[PDB]
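So this block is final10.txt, compact mmCIF, C-alpha atoms:
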```txt
# COMPACT_ATOMS: atom_id res chain seq x y z
CA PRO V 1328 7.73 27.85 2.73
CA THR V 1329 9.88 24.72 2.43
CA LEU V 1330 9.36 21.01 1.90
CA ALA V 1331 7.48 19.89 5.00
CA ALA V 1332 6.14 16.37 4.54
CA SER V 1333 4.33 15.03 7.59
CA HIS V 1334 5.20 11.48 6.74
CA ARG V 1335 7.95 9.79 4.77
CA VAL V 1336 5.52 8.76 1.99
CA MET V 1337 4.55 12.27 0.90
CA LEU V 1338 8.18 13.18 0.29
CA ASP V 1339 8.63 9.80 -1.44
CA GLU V 1340 5.68 10.68 -3.69
CA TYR V 1341 6.60 14.28 -4.54
CA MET V 1342 9.84 12.90 -5.99
CA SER V 1343 8.17 10.27 -8.18
CA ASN V 1344 5.73 12.63 -9.91
CA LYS V 1345 5.85 16.40 -9.46
CA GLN V 1346 2.51 17.08 -11.18
CA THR V 1347 0.09 14.45 -9.88
CA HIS V 1348 1.04 14.29 -6.21
CA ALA V 1349 -1.57 15.06 -3.58
CA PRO V 1350 -0.78 18.24 -1.62
CA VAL V 1351 -3.13 17.15 1.20
CA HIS V 1352 -3.84 13.46 1.82
CA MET V 1353 -6.34 12.17 4.41
CA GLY V 1354 -4.24 12.72 7.50
CA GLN V 1355 -1.00 14.16 6.16
CA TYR V 1356 0.12 17.02 3.95
CA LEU V 1357 3.03 18.41 1.97
CA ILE V 1358 4.17 21.93 1.18
CA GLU V 1359 5.80 22.32 -2.20
CA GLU V 1360 8.23 25.17 -1.67
CA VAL V 1361 7.86 28.57 -3.33
CA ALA V 1362 11.30 30.09 -3.01
CA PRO V 1363 13.14 32.77 -5.02
CA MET V 1364 15.96 30.31 -5.60
CA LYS V 1365 15.28 26.91 -7.14
CA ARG V 1366 17.37 23.85 -6.37
CA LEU V 1367 17.93 20.32 -7.61
CA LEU V 1368 16.45 17.79 -5.18
CA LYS V 1369 18.36 14.56 -5.71
CA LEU V 1370 16.92 11.98 -3.32
CA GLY V 1371 18.69 8.99 -4.79
CA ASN V 1372 18.84 9.36 -8.55
CA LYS V 1373 15.45 11.01 -9.23
CA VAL V 1374 15.58 14.77 -9.78
CA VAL V 1375 12.78 17.27 -9.11
CA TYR V 1376 13.64 20.85 -10.09
CA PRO I 1328 25.87 2.95 -1.72
CA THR I 1329 25.00 0.29 -4.28
CA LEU I 1330 21.95 -1.63 -5.40
CA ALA I 1331 20.20 -3.39 -2.56
CA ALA I 1332 16.76 -4.93 -2.60
CA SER I 1333 15.42 -7.03 0.22
CA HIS I 1334 13.26 -9.02 -2.14
CA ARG I 1335 13.67 -10.09 -5.75
CA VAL I 1336 10.34 -8.38 -6.58
CA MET I 1337 11.46 -4.85 -5.74
CA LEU I 1338 14.47 -5.18 -8.03
CA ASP I 1339 11.98 -5.68 -10.86
CA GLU I 1340 10.23 -2.38 -10.08
CA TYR I 1341 13.47 -0.44 -10.40
CA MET I 1342 14.03 -1.73 -13.92
CA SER I 1343 10.47 -1.37 -15.20
CA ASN I 1344 10.05 2.32 -14.32
CA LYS I 1345 12.87 4.26 -12.67
CA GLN I 1346 10.83 7.39 -11.90
CA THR I 1347 7.65 5.96 -10.34
CA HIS I 1348 9.67 3.39 -8.39
CA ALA I 1349 8.99 3.33 -4.65
CA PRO I 1350 12.14 3.27 -2.50
CA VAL I 1351 10.46 1.78 0.60
CA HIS I 1352 7.59 -0.73 0.53
CA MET I 1353 5.85 -2.18 3.60
CA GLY I 1354 8.45 -4.71 4.64
CA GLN I 1355 11.28 -4.11 2.20
CA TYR I 1356 13.30 -1.28 0.66
CA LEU I 1357 15.67 -0.36 -2.16
CA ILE I 1358 18.83 1.75 -2.41
CA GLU I 1359 19.66 3.29 -5.77
CA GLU I 1360 23.41 3.58 -6.27
CA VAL I 1361 25.01 7.01 -5.97
CA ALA I 1362 28.51 6.45 -7.31
CA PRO I 1363 31.00 8.45 -9.40
CA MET I 1364 30.77 5.78 -12.08
CA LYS I 1365 27.30 5.13 -13.49
CA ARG I 1366 27.15 1.69 -15.06
CA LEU I 1367 24.69 0.25 -17.55
CA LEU I 1368 22.35 -2.00 -15.60
CA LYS I 1369 21.00 -4.57 -18.06
CA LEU I 1370 18.93 -7.50 -16.81
CA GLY I 1371 17.01 -9.23 -19.48
CA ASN I 1372 17.01 -6.80 -22.37
CA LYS I 1373 15.64 -3.85 -20.39
CA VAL I 1374 18.36 -1.30 -19.71
CA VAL I 1375 18.33 1.22 -16.86
CA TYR I 1376 21.13 3.76 -16.77
CA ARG R 395 25.19 37.63 0.40
CA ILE R 396 21.40 37.48 0.19
CA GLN R 397 19.64 36.07 3.25
CA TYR R 398 16.20 34.48 2.86
CA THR R 399 13.80 33.42 5.60
CA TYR R 400 11.79 30.20 5.65
CA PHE R 401 8.89 28.78 7.63
CA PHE R 402 7.19 25.40 7.90
CA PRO R 403 4.60 23.90 10.29
CA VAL R 404 4.70 20.69 12.33
CA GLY R 405 2.02 18.72 14.19
CA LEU R 406 -1.30 19.90 12.77
CA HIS R 407 -4.74 18.24 12.58
CA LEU R 408 -6.81 18.30 9.42
CA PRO R 409 -10.59 18.89 9.77
CA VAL R 410 -13.43 16.37 9.80
CA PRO R 411 -14.37 15.54 6.14
CA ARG R 412 -10.95 14.13 5.26
CA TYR R 413 -10.40 14.05 1.50
CA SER R 414 -7.70 12.63 -0.76
CA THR R 415 -6.36 12.91 -4.27
CA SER R 416 -3.50 10.42 -4.66
CA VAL R 417 -3.64 6.83 -5.91
CA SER R 418 -0.29 5.53 -4.62
CA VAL R 419 0.04 5.73 -0.82
CA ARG R 420 -1.57 2.82 1.06
CA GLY R 421 -0.15 2.83 4.56
CA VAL R 422 -1.05 6.02 6.38
CA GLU R 423 -4.79 6.34 5.60
CA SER R 424 -5.88 5.71 9.20
CA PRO R 425 -7.83 8.37 11.14
CA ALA R 426 -6.19 7.27 14.39
CA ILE R 427 -2.61 8.00 13.29
CA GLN R 428 -1.30 11.54 13.68
CA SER R 429 2.04 12.81 12.44
CA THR R 430 4.20 14.39 15.14
CA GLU R 431 7.14 15.49 12.96
CA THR R 432 7.92 16.99 9.56
CA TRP R 433 10.68 16.12 7.10
CA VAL R 434 12.82 18.97 5.76
CA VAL R 435 15.44 18.39 3.07
CA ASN R 436 18.95 19.64 3.88
CA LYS R 437 21.31 21.74 1.73
CA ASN R 438 23.03 18.52 0.59
CA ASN R 439 19.69 16.78 -0.14
CA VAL R 440 19.44 14.78 3.10
CA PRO R 441 15.93 14.65 4.66
CA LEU R 442 15.84 15.53 8.36
CA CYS R 443 12.96 15.27 10.84
CA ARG A 395 43.49 2.25 -11.25
CA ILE A 396 40.93 3.87 -8.96
CA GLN A 397 39.52 2.19 -5.86
CA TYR A 398 36.00 2.87 -4.55
CA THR A 399 34.27 1.55 -1.45
CA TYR A 400 30.74 0.20 -1.63
CA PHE A 401 28.41 0.52 1.35
CA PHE A 402 25.64 -1.97 1.74
CA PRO A 403 22.94 -3.21 4.22
CA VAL A 404 21.28 -6.58 4.88
CA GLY A 405 18.56 -7.74 7.27
CA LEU A 406 16.81 -4.67 8.68
CA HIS A 407 13.40 -3.89 10.19
CA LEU A 408 11.08 -1.02 9.30
CA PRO A 409 9.16 0.80 12.06
CA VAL A 410 5.56 0.30 13.07
CA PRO A 411 3.40 2.56 10.78
CA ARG A 412 4.33 0.63 7.64
CA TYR A 413 3.60 2.31 4.33
CA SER A 414 3.74 1.74 0.58
CA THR A 415 3.87 3.80 -2.59
CA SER A 416 4.07 1.15 -5.34
CA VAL A 417 1.04 0.78 -7.59
CA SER A 418 1.96 -2.67 -8.92
CA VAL A 419 3.14 -5.28 -6.43
CA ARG A 420 0.68 -7.93 -5.31
CA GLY A 421 2.61 -10.15 -2.95
CA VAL A 422 5.02 -9.46 -0.10
CA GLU A 423 2.92 -6.86 1.82
CA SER A 424 1.98 -9.14 4.77
CA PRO A 425 3.33 -7.87 8.13
CA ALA A 426 4.67 -11.25 9.29
CA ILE A 427 7.27 -11.40 6.52
CA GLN A 428 10.95 -10.79 7.23
CA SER A 429 13.79 -10.26 4.76
CA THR A 430 17.01 -12.11 5.57
CA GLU A 431 19.03 -11.28 2.44
CA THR A 432 19.65 -8.47 -0.04
CA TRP A 433 20.37 -8.69 -3.76
CA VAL A 434 23.40 -7.20 -5.54
CA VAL A 435 24.04 -6.83 -9.28
CA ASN A 436 27.51 -7.87 -10.43
CA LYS A 437 29.94 -6.51 -12.97
CA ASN A 438 28.41 -8.85 -15.56
CA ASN A 439 24.82 -8.00 -14.48
CA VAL A 440 24.17 -11.34 -12.75
CA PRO A 441 22.02 -10.70 -9.65
CA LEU A 442 23.25 -12.48 -6.53
CA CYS A 443 22.05 -12.82 -2.94
CA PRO P 1181 26.70 -5.93 13.04
CA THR P 1182 24.02 -3.32 13.37
CA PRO P 1183 20.75 -3.01 15.29
CA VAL P 1184 17.59 -4.03 13.57
CA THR P 1185 16.19 -0.50 14.10
CA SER P 1186 18.91 1.51 12.31
CA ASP P 1187 17.31 3.74 9.70
CA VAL P 1188 17.28 2.90 6.00
CA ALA P 1189 17.40 6.65 5.32
CA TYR P 1190 21.08 6.59 6.33
CA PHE P 1191 21.82 4.15 3.52
CA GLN P 1192 20.78 6.05 0.39
CA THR P 1193 23.33 8.83 0.92
CA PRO P 1194 27.12 8.40 0.92
CA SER P 1195 28.54 8.28 4.45
CA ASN P 1196 30.57 6.14 6.86
CA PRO P 1197 29.74 2.54 7.75
CA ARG P 1198 30.02 3.56 11.36
CA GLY P 1199 27.16 5.74 12.43
CA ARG P 1200 29.14 8.95 12.79
CA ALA P 1201 30.70 11.13 10.11
CA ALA P 1202 34.49 11.27 10.30
CA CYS P 1203 35.51 14.17 8.04
CA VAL P 1204 38.42 15.72 9.93
CA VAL P 1205 39.34 18.22 7.15
CA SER P 1206 36.70 20.60 8.54
CA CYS P 1207 38.27 20.68 12.02
CA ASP P 1208 40.92 23.11 13.21
CA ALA P 1209 44.43 22.30 12.04
CA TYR P 1210 46.93 20.58 14.38
CA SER P 1211 44.28 20.02 17.08
CA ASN P 1212 44.16 16.32 17.89
CA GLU P 1213 41.72 16.63 20.79
CA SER P 1214 39.17 18.57 18.73
CA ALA P 1215 39.42 15.94 16.00
CA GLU P 1216 38.97 13.02 18.41
CA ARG P 1217 35.95 14.72 19.97
CA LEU P 1218 34.27 14.75 16.55
CA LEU P 1219 34.72 10.99 16.12
CA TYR P 1220 33.82 9.65 19.52
CA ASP P 1221 31.99 11.83 22.06
CA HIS P 1222 28.21 11.62 22.21
CA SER P 1223 27.43 14.93 23.89
CA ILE P 1224 27.51 16.28 20.34
CA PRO P 1225 25.09 15.14 17.62
CA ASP P 1226 26.62 14.12 14.27
CA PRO P 1227 28.12 16.63 11.88
CA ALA P 1228 25.78 14.88 9.42
CA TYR P 1229 22.59 14.65 11.53
```
Taking this structure as input, can you express it in the form of structure tokens?
Amino acid sequence: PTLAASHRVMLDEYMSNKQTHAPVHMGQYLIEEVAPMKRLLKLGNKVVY
Amino acid sequence: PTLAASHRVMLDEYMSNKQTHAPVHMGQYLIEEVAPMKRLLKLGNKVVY
Amino acid sequence: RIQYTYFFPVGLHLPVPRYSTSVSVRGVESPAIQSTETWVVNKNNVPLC
Amino acid sequence: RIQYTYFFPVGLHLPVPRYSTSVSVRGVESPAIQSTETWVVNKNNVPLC
Amino acid sequence: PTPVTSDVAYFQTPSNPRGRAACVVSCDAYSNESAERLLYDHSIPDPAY
């Protein structure tokens, strides 16, 4: 799977705190990716590896 | 891109906590600078690099 | 040149007792709103719908 | 001497399902508010509109 | 000047101030019509988006 945020907020919240984000909110979700390669996700200046 | 903040308030959030900052609020936004030079931003005595 | 596959959903509907975990997001908590797109981050870190 | 170009918005709208992520901002969040300027930080860290 | 509904998500990543990417280095060498078609024609979505 990949990053698939249903709304712009969930992807703006996975960046701010990797641990304490909600994988499933009331209406919307997010899929943290489980891939054999890892990447740096720079959305601005904040980095989530 | 450079620093932009559509209100004075959201430029305070970027310098209090850089990680848990929110890039887009309800009416307003912020753009963190992605530049080859990274300056020392110092407003007051709180410094965000 | 190793070639990996990826898969992500778009346009689902979560079941009736809608729960939550997060403490940050305030805008998208309505039961009437439904997401019709998903945001996938590019190779060069650019989110696309 | 090395010349850079600095890209910069002012005066936009945000679409209809307005959202937030910030934990601590008490004010601006009314929907009737409109931002008609953006703030820049100088070389000498003096914020200007 | 710029419509009020242009996305803010264009503004956090480095790009052109016009809405279309203009990197002509990628195009075939000594082909002026293929390079112009990248800049101007709208049958083709952006090389960025």
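Selecting chain A residues within 10 Å of chain P and counting all atoms listed in the file yields residues 400, 401, 402, 403, 404, 405, 406, 407, 408 and 409 of chain A.
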File of the preceding selection, C-alpha atoms, as a compact mmCIF listing (two decimals), keeping the file's coordinate frame:
```txt
# COMPACT_ATOMS: atom_id res chain seq x y z
CA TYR A 400 30.74 0.20 -1.63
CA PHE A 401 28.41 0.52 1.35
CA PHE A 402 25.64 -1.97 1.74
CA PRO A 403 22.94 -3.21 4.22
CA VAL A 404 21.28 -6.58 4.88
CA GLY A 405 18.56 -7.74 7.27
CA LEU A 406 16.81 -4.67 8.68
CA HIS A 407 13.40 -3.89 10.19
CA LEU A 408 11.08 -1.02 9.30
CA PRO A 409 9.16 0.80 12.06
```
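Restricting the calculation to only C-alpha atoms, the smallest distance between chain A and any of R:443, R:396, R:417, R:410 is found for R:417.
For the atom pair formed by atom CA of residue 436 of chain A and atom CA of residue 1368 of chain I, the distance is 9.4 Å, given to one decimal.
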Next on the checklist: Based on only C-alpha atoms, which of the residues in chain I come within 12 Å of chain R? I want them as a list in words.
Outcome noted: residues 1347, 1348, 1349, 1351, 1352, 1353 and 1354 of chain I
Check: Once you count all atoms listed in the file, which residues end up no further than 12 Å from (24.9, -4.4, -7.3) in the file's frame, shown as a ChimeraX atom specification?
Finding: /I:1328-1332,1338,1357-1362,1365-1370 /A:400-403,432-443
Check: which chain V residues lie within 9 Å of chain I using only C-alpha atoms, as a PyMOL selection string
chain V and resi 1336+1339-1340+1342-1344+1371-1373
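Between chain A and the residues R:411, R:426, R:431, R:419, the shortest atom-to-atom distance, using only C-alpha atoms, involves R:419.
Taking atom CA of residue 1333 of chain I and atom CA of residue 1355 of chain I as endpoints, the distance between them is 5.4 Å.
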Please, which residues in chain A fall within 6 Å of chain R when counting all atoms listed in the file, and what is the closest atom pair and distance in Å to one decimal for each, ordered by chain then residue number, as JSON lines?
```
{"residue": "A:412", "atom": "CA", "partner": "R:421", "partner_atom": "CA", "distance": 5.9}
{"residue": "A:413", "atom": "CA", "partner": "R:421", "partner_atom": "CA", "distance": 3.8}
{"residue": "A:414", "atom": "CA", "partner": "R:420", "partner_atom": "CA", "distance": 5.4}
{"residue": "A:415", "atom": "CA", "partner": "R:419", "partner_atom": "CA", "distance": 4.6}
{"residue": "A:417", "atom": "CA", "partner": "R:418", "partner_atom": "CA", "distance": 5.8}
```
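Straight-line separation from atom CA of residue 1375 of chain I to atom CA of residue 1374 of chain V: 15.5 Å.
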Centre and edge lengths, as AutoDock Vina command-line options, for the axis-aligned box enclosing every listed atom of segment 1329-1348 of chain V with 4 Å of padding on each of the six sides, in Å to one decimal?
```
--center_x 5.0 --center_y 16.7 --center_z -1.8 --size_x 17.8 --size_y 24.0 --size_z 26.8
```
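Shell of residue 1208 of chain P at 12 Å, with only C-alpha atoms counted and residues fewer than 6 places along the chain excluded, is residues 1214, 1215, 1216, 1217 and 1218 of chain P.
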Keeping N, CA, C and O atoms, write segment 407-435 of chain A of the structure just shown out as a short mmCIF file (atom, residue, chain, number, x, y, z; two decimals), in the first residue's frame.
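Output contents, as saved in out_26.cif:
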```cif
data_model
loop_
_atom_site.label_atom_id
_atom_site.label_comp_id
_atom_site.auth_asym_id
_atom_site.auth_seq_id
_atom_site.Cartn_x
_atom_site.Cartn_y
_atom_site.Cartn_z
N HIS A 407 -8.33 32.35 -2.01
CA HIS A 407 -9.45 31.69 -1.36
C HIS A 407 -9.03 30.26 -1.03
O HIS A 407 -8.04 29.75 -1.54
N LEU A 408 -9.80 29.61 -0.18
CA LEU A 408 -9.68 28.19 0.07
C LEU A 408 -11.05 27.57 -0.17
O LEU A 408 -12.07 28.21 0.12
N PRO A 409 -11.12 26.36 -0.72
CA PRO A 409 -12.41 25.80 -1.15
C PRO A 409 -13.32 25.47 0.02
O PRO A 409 -12.97 25.61 1.19
N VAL A 410 -14.51 24.99 -0.34
CA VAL A 410 -15.69 24.99 0.53
C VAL A 410 -15.56 24.12 1.79
O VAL A 410 -15.84 24.64 2.88
N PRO A 411 -15.12 22.82 1.75
CA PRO A 411 -15.01 22.11 3.04
C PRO A 411 -13.78 22.53 3.84
O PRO A 411 -12.78 21.81 3.87
N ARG A 412 -13.87 23.67 4.51
CA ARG A 412 -12.73 24.25 5.19
C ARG A 412 -12.36 23.45 6.44
O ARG A 412 -13.23 22.96 7.17
N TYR A 413 -11.06 23.33 6.67
CA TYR A 413 -10.53 22.42 7.68
C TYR A 413 -9.48 23.14 8.51
O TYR A 413 -9.03 24.23 8.17
N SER A 414 -9.08 22.50 9.60
CA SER A 414 -8.02 23.00 10.46
C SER A 414 -7.22 21.83 11.01
O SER A 414 -7.65 20.68 10.98
N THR A 415 -6.03 22.13 11.52
CA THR A 415 -5.22 21.12 12.19
C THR A 415 -4.66 21.69 13.50
O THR A 415 -4.36 20.93 14.43
N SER A 416 -4.54 23.02 13.58
CA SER A 416 -3.89 23.67 14.71
C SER A 416 -4.66 23.46 16.01
O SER A 416 -5.88 23.59 16.06
N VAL A 417 -3.91 23.14 17.06
CA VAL A 417 -4.52 22.94 18.38
C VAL A 417 -4.76 24.29 19.05
O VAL A 417 -5.78 24.48 19.73
N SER A 418 -3.86 25.24 18.85
CA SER A 418 -3.87 26.49 19.60
C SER A 418 -3.92 27.68 18.65
O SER A 418 -2.88 28.25 18.31
N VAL A 419 -5.13 28.04 18.23
CA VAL A 419 -5.45 29.34 17.66
C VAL A 419 -6.93 29.60 17.89
O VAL A 419 -7.79 28.76 17.59
N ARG A 420 -7.25 30.75 18.49
CA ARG A 420 -8.58 30.95 19.06
C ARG A 420 -9.46 31.83 18.19
O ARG A 420 -10.68 31.87 18.39
N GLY A 421 -8.87 32.53 17.24
CA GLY A 421 -9.45 33.71 16.64
C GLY A 421 -10.09 33.46 15.29
O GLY A 421 -11.29 33.17 15.19
N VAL A 422 -9.28 33.61 14.25
CA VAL A 422 -9.58 33.92 12.86
C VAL A 422 -10.64 33.04 12.19
O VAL A 422 -11.21 33.42 11.17
N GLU A 423 -10.95 31.89 12.78
CA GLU A 423 -11.64 30.75 12.16
C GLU A 423 -13.06 31.02 11.64
O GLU A 423 -13.71 30.07 11.19
N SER A 424 -13.58 32.24 11.72
CA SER A 424 -14.89 32.54 11.16
C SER A 424 -14.88 32.45 9.64
O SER A 424 -13.85 32.74 9.01
N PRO A 425 -15.99 32.05 9.00
CA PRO A 425 -15.94 31.84 7.55
C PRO A 425 -16.06 33.12 6.75
O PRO A 425 -15.73 33.14 5.55
N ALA A 426 -16.52 34.21 7.37
CA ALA A 426 -16.70 35.47 6.67
C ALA A 426 -15.41 36.28 6.58
O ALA A 426 -15.45 37.40 6.06
N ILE A 427 -14.29 35.75 7.07
CA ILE A 427 -13.07 36.53 7.06
C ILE A 427 -12.31 36.29 5.75
O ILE A 427 -12.39 35.22 5.13
N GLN A 428 -11.61 37.33 5.30
CA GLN A 428 -10.88 37.27 4.04
C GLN A 428 -9.54 37.95 4.25
O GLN A 428 -9.46 39.00 4.88
N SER A 429 -8.49 37.33 3.72
CA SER A 429 -7.12 37.79 3.90
C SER A 429 -6.69 38.53 2.65
O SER A 429 -6.70 37.97 1.55
N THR A 430 -6.32 39.80 2.81
CA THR A 430 -5.96 40.65 1.70
C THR A 430 -4.49 41.06 1.71
O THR A 430 -4.12 42.02 1.03
N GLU A 431 -3.66 40.35 2.47
CA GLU A 431 -2.22 40.59 2.48
C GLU A 431 -1.53 39.36 3.02
O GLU A 431 -2.14 38.49 3.65
N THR A 432 -0.23 39.27 2.75
CA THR A 432 0.62 38.19 3.22
C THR A 432 1.89 38.79 3.80
O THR A 432 2.34 39.85 3.35
N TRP A 433 2.47 38.11 4.78
CA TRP A 433 3.60 38.65 5.52
C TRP A 433 4.90 37.98 5.11
O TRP A 433 4.97 36.76 4.96
N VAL A 434 5.94 38.80 4.93
CA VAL A 434 7.26 38.34 4.53
C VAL A 434 8.24 38.72 5.64
O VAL A 434 8.05 39.73 6.32
N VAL A 435 9.29 37.94 5.79
CA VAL A 435 10.35 38.21 6.75
C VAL A 435 11.60 38.64 5.98
O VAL A 435 12.02 37.96 5.04
#
```
